[PDB]
Amino acid sequence: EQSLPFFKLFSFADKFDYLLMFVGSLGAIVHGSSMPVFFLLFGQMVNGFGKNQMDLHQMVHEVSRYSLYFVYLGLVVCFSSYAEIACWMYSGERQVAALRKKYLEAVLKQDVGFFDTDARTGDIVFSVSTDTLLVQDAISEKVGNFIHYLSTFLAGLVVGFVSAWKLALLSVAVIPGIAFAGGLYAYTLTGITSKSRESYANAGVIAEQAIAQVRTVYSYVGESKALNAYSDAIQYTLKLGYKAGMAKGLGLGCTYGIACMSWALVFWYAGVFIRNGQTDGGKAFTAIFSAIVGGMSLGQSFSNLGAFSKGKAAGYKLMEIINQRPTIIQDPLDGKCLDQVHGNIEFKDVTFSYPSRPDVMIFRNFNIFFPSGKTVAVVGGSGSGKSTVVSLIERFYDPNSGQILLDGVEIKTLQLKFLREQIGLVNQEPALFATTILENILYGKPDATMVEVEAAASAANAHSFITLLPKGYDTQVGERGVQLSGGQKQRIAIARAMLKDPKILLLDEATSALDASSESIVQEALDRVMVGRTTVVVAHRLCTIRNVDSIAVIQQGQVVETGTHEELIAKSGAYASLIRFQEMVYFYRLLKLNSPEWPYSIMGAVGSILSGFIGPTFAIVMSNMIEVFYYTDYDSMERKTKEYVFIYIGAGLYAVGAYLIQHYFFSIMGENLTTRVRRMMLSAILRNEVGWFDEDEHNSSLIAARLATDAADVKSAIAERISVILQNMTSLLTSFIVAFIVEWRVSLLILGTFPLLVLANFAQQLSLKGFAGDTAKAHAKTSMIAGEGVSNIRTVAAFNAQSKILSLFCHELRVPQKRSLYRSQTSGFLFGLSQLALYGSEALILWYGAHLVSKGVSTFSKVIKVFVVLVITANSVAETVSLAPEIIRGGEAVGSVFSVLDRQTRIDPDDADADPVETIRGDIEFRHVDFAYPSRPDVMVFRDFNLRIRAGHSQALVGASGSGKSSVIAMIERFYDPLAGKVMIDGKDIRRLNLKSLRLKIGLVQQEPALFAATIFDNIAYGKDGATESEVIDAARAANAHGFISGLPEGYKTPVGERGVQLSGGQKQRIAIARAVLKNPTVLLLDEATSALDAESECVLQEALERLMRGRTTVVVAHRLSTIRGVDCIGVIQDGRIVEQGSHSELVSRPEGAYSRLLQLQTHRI
C-alpha cells in the first residue's frame, strides 16, 4: 500500500511515559532469562543430593540453601511479571487514547470536501473503530510478548551451550526432525480439509434452491428427491471425513513416535558420555532440558509477527487525514469587523464544477442579486439538488469563477466565523445527535436561560407539548422512545435558530414530510420571523412557493429571468406544465440419538484408555534413568540403559499403535451423527408452515449457512471432548495410584498443594492469549459518539459547536482509561502471586523430602519417583480445565441449536387419519372467511369474506393491478390458515383432508421464470413423477415449445439455469404449462404475472391457457385489462368487500355501481 513504517506508531508519548516502556522491557528481559534458570537450579541440586549418598550429614546443609534459592527465584519472577504486564498494557492504552484524541480533533479541522456519501463517510467509522483496536492490540501486547520470548530463547541457548559443550549439539540436532513431521502434518491436514469442504456445497446449493422456492415445491410436492440427493452428497462427505480422521490419527501417532525415538537417542548417548569420565549426571540433565526449551521457545515467539504487518497497514490510511490542509480557516490576523448588517448578496458570474468528478455544469454566468428583507427564492429546472445555492452562503465550496460579496463587501477577506453568525440554516434530516433535549436546545446559544428556552418553544409551538412524557423534560433525541420524527419533536432546530437570532436565516424543502397542521404552523412561525430576513427557500416541489415574491427561472444552468409566478404563466414559461404536474401529484438425548452405533465407539474408549498410559510410563522410566546414573561401579549400567532404550522404542511404537485406533474409531462417532442429524434437521425444516419463511432474517441464504456451521459444531462438541476428558482423567488416576503405591508419606503434601500447582500452570496458559481480555465491549461508547458525529458533518458545521463536541469527546474517555488502569493492577498482581507458588511449593516439597531421609526411612529414590511423575501430570491436567469454555460456555448454544428439530408446526402436513381424496368435482365456497398477513398483523385484508362458484362456471377475477389479490388463490391451497370462516370443498372443510392427496389433485401455475437446477427434460418430468418420456414429448408438442429447445444443440439434455444454459422470455412459464397438462387435474388454478410480464407474444400465452381449460372448467386471476375469456364471471371485488356478482357481458349495461370503478381502466388505459 505505502511505506507503512514501524517506529512511527511510537510518536505520541511524553517523558512521563517512556519510563513505563523501560520498566516493561526490563521486566520482560528478567522473566525470559529466569525461565531456564530453574532447570539449572534443579540440576545442581540433584547433583549435590546424589553426590553425598553415604554422607548423611549433608542433605539439609545443601538442600536448605537451594530452598532459599527457589524462594528468591519465585520472588523475582513475581515482581518482573507484574511490572511488565502492568506497564505495557497501561502504556498502550494511553498511546491509543491520545492518538484517537488527535485524530478526531483533526477530523473536523478540514472542510466537508473530503466528506461525501460515496462510502467514504461509512469508511470513516470503520477506519476509526477497527483500525484503532488493531493498532492498540498489536503494539500494546505483541511487543512485550515478542521481547519476553526472545529473551527466553537467548538465555536458554547460552545456559545450555555452556554446560558441557557436547550434549547441547545432540539435543538441538533432534529438533528439525520433529519440526519436519509437525509441518507435514499441518500441510496434509489443511489440504485434506480444504478438499473436503467442496462436495457438501454441491448439495448445499440444492438445499438453498429448495428453501428458496418453497411456495413452488409444495405444489407438485415430491419433497423427497431433493432429500435423496442430499443423502447422496452427504455420503461422499462422510467418506472424506473418515479419510481425514484416519490421516490425522496416523500423523499424530507417528509424530509422538519420532519424539520418543529422539528421546531414546539423546538419553543413550548422554549415558555413553556419563561413564566416559567427561561429565556428571545432573548437569547433563539441566543441559538437555535447557537446550530443548530454548530451541522450542521460538515456536510461540514469531507467531506474534502476523498482526505486526497488519498494524503497519493500520498505520497508514490513518493519521493521513492529520496533515491535510483545508481550503479556508479563521485566520486570527484577518483584521475585519463590520456592523449594520443588512443581508445583500452579490454573486458575479458563478460557474462551478464538482471537484470529485467533472460532470454537467452546475451553473453558467449565474449573476443574480438578492435584495435585503425580501422573500427571494430560486428553483432549478428539475430540482437537481440545487440546495447548494445556500452552501456557498456557508462556503463549503469556493467559487471558481467570479467573486461573491455580502452587502457589497467581499466574503473572502472577512473571517469565516463572521458569516457563521449571519447564517441561520436548517437541514432536511430532522433527527440530530443523541443528547438530552435541553442540551440540544443550548446549541443555539451557549449561555441561555430557561426563560429564553421557553420563549423559543412558544415561538416554535413546543411549550407544554413535549412535556407530555414521563421524563421531566429531560429526554434525549436519540432515545429510542422518542424515535418518532416530527411527531412530538417538531424539528427543535428551528427553535434553537430562534435562540441564535441570526441576521439572516435560511430554509430548505422541509415540507416533504407531510402537509398537515404541525408543519403549516411552523410555516407561519417562520413567516413571523420573516421580518428583516432575506429568506431563500429552494425545493424540488413548488406547490407552496406562492408566498415568494421573487423567483428565478433557470433550466440549462444559466440564469434566464426573474419575476413572480403570477406573470410566469404567460407563454407557460416552461413552468405552467410543472405547476400543473405538481398539483396533479444439551446432552440429554444426543447419545440416545447416537444409539444405533452401539459398536465402533466402546473400542474407541478402550483405545483412549490404552493411549493414556504413555505419560506416566515415560516419566517413571526417565526417573529410573536419572536415578541409575549414581551407581559407582563403572559396570552393569550398560545393560540397564539398553533395556531402558528398548522400552523407549517399544513405547514410541505404542503411540503409533494407539492413536490411530482412537482417532479412527472416534471419527465414526463424529461423522455418522452429523450425517444423521443433518437429514433430520432438513426434514423438519421442510415440513414447516409457509409463514415461517416470511421473516426477513429467516432467509434461504441464512438457513443453509446456519446449518453448515451448526452441523459441524456437533462433532467437536459431543465427540472429541469425551475422548479428551477420558484420556486426561485416566492418565491422572493412573499416575496417582502409581505414586501412592511407590510411596505414601510424601504424597500427602503433593495432594494438599495440587490445586495451587494446577492454578499456576493454568495461569501460565492464559499468559499466551493476552491479558487484555474483551475489547470494545466497553470501549465502543466513545466510538459510537465519534461515528455519529462524523455522519452529520454538514449539520455540525452549521451552528458551530466543534469545541463542545471535542470537550464531550475528551470527557468521555475518562471511563476506559480508568478501567484499563484498574485492570492492569488487578491482573498483574494476581498473576505474580500465582507464579510465586509454583516455585515456592517446590521448596516445601523438596525440603520435606530431604528431611525425610537421614531422619526416617527413605532413600535417594522414592523422592524423585514421586516428584517428577506428579509434576508432569499436574502440568498435563491443566488443559482439561482450560477446555472448560468450549463444553459449557461455548457449546451450550451451538451444540443445542436444534430448536428447529423439535419446533411444532402451525399446520400439520403429515395427517394421521384425515379423510382421503377421491375423484372430486372441486367446487369451493367461502362463508364469512377471515384472513390477514401473518407478517403484518396491523393490515386487514379479508374480513367475513364470502365467495362461491355457482356450478362449474369458468370464473375470471379482476386484477386491479394485483392489489393484494394474489393471496386469494393461496387460500384454495393449504398455504395459510383462515382467521375465521368456512372454506367448504365437496361439502366438507379443507382442514379434515389428507393434504398430500389434495396437493396431488390441486393444479396451480406460478408467475416466475425461476426453475430447478436439473435439465429441461427433468423440468417437464417433475410433474407426474415416473411418467414415460413419450407423454413428455407429447406434452412438449402441446405446449408448442419444441422450437424453443431444438435450436439449442443439446436438445432435451441441456442443463438450464446456473451452471447451465439460460433462456429468455416468458416461455419458461409456458414450460410450466407443459407441467400442468401432465397433471390434467380435476381442480386447477391460474394466475398471471402482474405488472411483470411486459414481453410480447401474449397471444400465444392466451391461446395456450385457453387450450388448458378445454377439458375442465378453470378459474383465472389476472391483472390483464383485456383478453378475458371467462364466461359470465368477472367478479369485481375490491376494498375487501364483495360489490359485484354479475357478468362482464351484462355489466356493461350498468351505468353506475361496481362498473363505474371497474370502468377505471378496462378499455383504453391499457
# chains A, B, ... in the order shown; residues from 1 in each chain; ligands from 1
>>> closest_atom_pairs(of="region 320-430 of chain A", to="region 781-801 of chain A", cutoff="9 Å", atoms="only C-alpha atoms", output="JSON lines")
{"residue": "A:394", "atom": "CA", "partner": "A:798", "partner_atom": "CA", "distance": 7.9}
{"residue": "A:396", "atom": "CA", "partner": "A:794", "partner_atom": "CA", "distance": 8.9}
{"residue": "A:417", "atom": "CA", "partner": "A:800", "partner_atom": "CA", "distance": 8.7}
{"residue": "A:420", "atom": "CA", "partner": "A:798", "partner_atom": "CA", "distance": 7.6}
{"residue": "A:421", "atom": "CA", "partner": "A:799", "partner_atom": "CA", "distance": 8.4}
{"residue": "A:423", "atom": "CA", "partner": "A:798", "partner_atom": "CA", "distance": 8.1}
{"residue": "A:424", "atom": "CA", "partner": "A:799", "partner_atom": "CA", "distance": 7.9}
{"residue": "A:425", "atom": "CA", "partner": "A:798", "partner_atom": "CA", "distance": 6.6}
{"residue": "A:426", "atom": "CA", "partner": "A:795", "partner_atom": "CA", "distance": 8.1}
{"residue": "A:427", "atom": "CA", "partner": "A:795", "partner_atom": "CA", "distance": 6.9}
>>> residues_around(residues="region 625-632 of chain A", least_positions_apart="4", cutoff="12 Å", atoms="only C-alpha atoms", output="ChimeraX atom specification")
/A:43,46-54,264,267-268,270-275,279-286,618-621,636-645,647-648,859-865,868
>>> closest_atom_pairs(of="region 1089-1143 of chain A", to="region 1068-1073 of chain A", cutoff="9 Å", atoms="only C-alpha atoms", output="JSON lines")
{"residue": "A:1101", "atom": "CA", "partner": "A:1070", "partner_atom": "CA", "distance": 7.2}
{"residue": "A:1104", "atom": "CA", "partner": "A:1073", "partner_atom": "CA", "distance": 7.9}
{"residue": "A:1105", "atom": "CA", "partner": "A:1073", "partner_atom": "CA", "distance": 7.8}
{"residue": "A:1108", "atom": "CA", "partner": "A:1073", "partner_atom": "CA", "distance": 8.0}
>>> select_by_dssp(residues="region 1090-1145 of chain A", states="alpha helix (DSSP H)", output="list in words")
residues 1098, 1099, 1100, 1101, 1102, 1103, 1104, 1105, 1106, 1107, 1108, 1144 and 1145 of chain A
>>> write_last_selection(atoms="C-alpha atoms", output="PDB file, in the first residue's frame")
ATOM      1  CA  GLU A1098     -49.045 -12.682 -25.184  1.00  0.00           C
ATOM      2  CA  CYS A1099     -51.453 -14.110 -27.775  1.00  0.00           C
ATOM      3  CA  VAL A1100     -49.582 -17.426 -27.642  1.00  0.00           C
ATOM      4  CA  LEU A1101     -49.901 -17.449 -23.845  1.00  0.00           C
ATOM      5  CA  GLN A1102     -53.631 -16.727 -24.061  1.00  0.00           C
ATOM      6  CA  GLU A1103     -54.124 -19.470 -26.659  1.00  0.00           C
ATOM      7  CA  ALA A1104     -52.171 -21.973 -24.554  1.00  0.00           C
ATOM      8  CA  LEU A1105     -54.136 -21.196 -21.394  1.00  0.00           C
ATOM      9  CA  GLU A1106     -57.385 -21.416 -23.373  1.00  0.00           C
ATOM     10  CA  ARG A1107     -56.270 -24.849 -24.577  1.00  0.00           C
ATOM     11  CA  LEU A1108     -55.570 -25.745 -20.936  1.00  0.00           C
ATOM     12  CA  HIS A1144     -68.922  -8.688 -17.628  1.00  0.00           C
ATOM     13  CA  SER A1145     -71.019  -9.368 -20.735  1.00  0.00           C
TER      14      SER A1145
END
>>> residues_around(residues="region 887-901 of chain A", least_positions_apart="2", cutoff="8 Å", atoms="only C-alpha atoms", output="list in words")
residues 586, 680, 681, 684, 685, 710, 713, 714, 717, 718, 721, 883, 884, 885 and 903 of chain A
>>> write_last_selection(atoms="C-alpha atoms", output="PDB file, in the first residue's frame")
ATOM      1  CA  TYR A 586     -27.970 -30.078  25.817  1.00  0.00           C
ATOM      2  CA  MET A 680     -33.437 -34.939  10.257  1.00  0.00           C
ATOM      3  CA  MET A 681     -32.964 -31.176  10.555  1.00  0.00           C
ATOM      4  CA  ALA A 684     -38.054 -30.888   9.975  1.00  0.00           C
ATOM      5  CA  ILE A 685     -37.420 -27.625   8.111  1.00  0.00           C
ATOM      6  CA  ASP A 710     -24.001 -25.937  13.312  1.00  0.00           C
ATOM      7  CA  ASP A 713     -20.106 -27.935  15.557  1.00  0.00           C
ATOM      8  CA  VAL A 714     -21.823 -31.052  16.945  1.00  0.00           C
ATOM      9  CA  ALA A 717     -18.945 -30.534  20.925  1.00  0.00           C
ATOM     10  CA  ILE A 718     -20.067 -34.123  21.574  1.00  0.00           C
ATOM     11  CA  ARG A 721     -14.398 -33.740  24.227  1.00  0.00           C
ATOM     12  CA  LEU A 883     -11.047 -26.514  27.823  1.00  0.00           C
ATOM     13  CA  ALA A 884     -13.974 -25.537  30.074  1.00  0.00           C
ATOM     14  CA  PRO A 885     -15.329 -22.623  27.949  1.00  0.00           C
ATOM     15  CA  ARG A 903     -40.310 -26.985  16.904  1.00  0.00           C
TER      16      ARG A 903
END
>>> residues_around(residues="residue 838 (chain A)", least_positions_apart="3", cutoff="8 Å", atoms="only C-alpha atoms", output="JSON, numbers by chain")
{"A": [74, 756, 757, 760, 761, 834, 835, 841, 842]}
>>> write_last_selection(atoms="N, CA and C atoms", output="PDB file, in the first residue's frame")
ATOM      1  N   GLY A  74      11.332 -17.327  42.901  1.00  0.00           N
ATOM      2  CA  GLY A  74       9.905 -17.057  42.851  1.00  0.00           C
ATOM      3  C   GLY A  74       9.584 -15.587  43.044  1.00  0.00           C
ATOM      4  N   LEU A 756      -3.074 -25.626  43.954  1.00  0.00           N
ATOM      5  CA  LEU A 756      -2.259 -24.440  43.738  1.00  0.00           C
ATOM      6  C   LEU A 756      -1.356 -24.605  42.518  1.00  0.00           C
ATOM      7  N   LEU A 757      -0.729 -25.777  42.379  1.00  0.00           N
ATOM      8  CA  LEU A 757       0.131 -26.034  41.228  1.00  0.00           C
ATOM      9  C   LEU A 757      -0.658 -25.980  39.927  1.00  0.00           C
ATOM     10  N   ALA A 760      -1.433 -22.377  39.038  1.00  0.00           N
ATOM     11  CA  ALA A 760      -0.307 -21.665  38.444  1.00  0.00           C
ATOM     12  C   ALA A 760      -0.086 -22.088  36.995  1.00  0.00           C
ATOM     13  N   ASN A 761      -0.152 -23.394  36.725  1.00  0.00           N
ATOM     14  CA  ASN A 761       0.010 -23.855  35.351  1.00  0.00           C
ATOM     15  C   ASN A 761      -1.114 -23.350  34.457  1.00  0.00           C
ATOM     16  N   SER A 834       0.217 -15.840  41.770  1.00  0.00           N
ATOM     17  CA  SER A 834       0.084 -17.224  41.328  1.00  0.00           C
ATOM     18  C   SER A 834       1.433 -17.814  40.942  1.00  0.00           C
ATOM     19  N   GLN A 835       2.248 -17.057  40.209  1.00  0.00           N
ATOM     20  CA  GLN A 835       3.541 -17.568  39.771  1.00  0.00           C
ATOM     21  C   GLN A 835       4.524 -17.740  40.917  1.00  0.00           C
ATOM     22  N   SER A 841       6.192 -23.795  46.473  1.00  0.00           N
ATOM     23  CA  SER A 841       5.831 -25.140  46.904  1.00  0.00           C
ATOM     24  C   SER A 841       6.915 -26.154  46.574  1.00  0.00           C
ATOM     25  N   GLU A 842       7.724 -25.878  45.550  1.00  0.00           N
ATOM     26  CA  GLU A 842       8.854 -26.741  45.238  1.00  0.00           C
ATOM     27  C   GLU A 842       9.789 -26.859  46.429  1.00  0.00           C
TER      28      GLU A 842
END
